[PDB]
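There's a structure below that I have some questions on.
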2 protein chains.
Amino acid sequence: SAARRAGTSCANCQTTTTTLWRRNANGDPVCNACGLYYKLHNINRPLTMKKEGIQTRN
Amino acid sequence: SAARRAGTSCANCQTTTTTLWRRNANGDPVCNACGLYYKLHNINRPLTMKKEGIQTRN
DNA sequence: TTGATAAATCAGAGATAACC
DNA sequence: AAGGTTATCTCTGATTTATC
Ligand SMILES: [Zn+2]
Ligand SMILES: [Zn+2]
């Protein structure tokens, strides 16, 4: 479905297409992989860890 | 969108269709209307409020 | 093998509102 | 014009199948 949104890109990896918009502790629009990755390890997602796109499942 | 969900109906009004399945304190699924009504009033939505259909907005 | 991550996907809680 | 009922919108946390 729709991964975009009017005037928004991640406040970490700067993506404009995410299956779901999350939000960091400073209230800033981060994407899925950034919101998840942070919640888990507790350190920002590494830009080296930035792929090309998004996938599907089931 | 999807208004039904296999194996589920509202524990409070028995409807099988809703805009968003919620949960009561007992852990049972309840429809959007019943869940919101209880949160606002602290009493179960009465059967007298049950309506034939679901409306759409803007 | 197994175990730890990846991220989509699924939930649903709370917010915001439309509509009579 | 004001409000209650509850559709929708946002967003946080669990579930899941793959991938390392
Ligand atoms: Zn990002
Ligand atoms: Zn109900």
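Computed from the coordinates by the stated procedures, all read-outs in this text should not be read as laboratory data. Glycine also receives a Cβ, built like all others from the backbone with ideal geometry; neighbour counts cover every protein chain displayed.
Quick check: is even one residue across the stretch B:2-11 under 25 Å from A:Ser1 (Cβ atoms), within 9 Å of ligand 2 (Cβ to nearest atom) and either more than 14 Å from chain A (Cβ to nearest Cβ) or not charged (D, E, K, R) (or both)?
no
A follow-up question, please. Considering only residues that are among the aliphatic types (A, V, I, L, M) and farther than 21 Å from B:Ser1 by Cβ, look in the stretch B:16-58 and name the one that is farthest from ligand 1 (Cβ to nearest atom). Steps first, answer last, please.
At the first step, the residues of the stretch B:16-58 found to be among the aliphatic types (A, V, I, L, M) are B:20, B:25, B:30, B:33, B:36, B:40, B:43, B:47, B:49, B:54.
Then keep just the ones that are farther than 21 Å from B:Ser1 by Cβ; that gives B:25, B:40, B:43, B:47, B:49.
Numbers: B:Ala25: 37, B:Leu40: 37, B:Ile43: 44, B:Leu47: 48, B:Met49: 44 Å.
Filtering the stretch B:16-58 for residues that are among the aliphatic types (A, V, I, L, M) and farther than 21 Å from B:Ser1 by Cβ, the one farthest from ligand 1 (Cβ to nearest atom) comes out as B:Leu47.
Turning to a different aspect of this structure: Considering only the stretch B:23-55, state which residues are crowded, with 17+ Cβ neighbours inside 10 Å and not in a helix (DSSP H, G or I).
Correct list: B:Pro29, B:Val30, B:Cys31, B:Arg45.
If you scan the stretch B:3-28, which residues turn out to be farther than 14 Å from B:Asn44 by Cα and either over 10 Å from the mean Cα position of the chain (by Cα) or more than 14 Å from DNA strand D (Cβ to nearest atom) (or both)? So that I can check it myself, show each step before the final result.
Here is the first cut: in the stretch B:3-28, the residues farther than 14 Å from B:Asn44 by Cα are B:3-9, B:15-21, B:27.
Listed by number, the residues that qualify are B:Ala3, B:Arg4, B:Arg5, B:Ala6, B:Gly7, B:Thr8, B:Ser9, B:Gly27.
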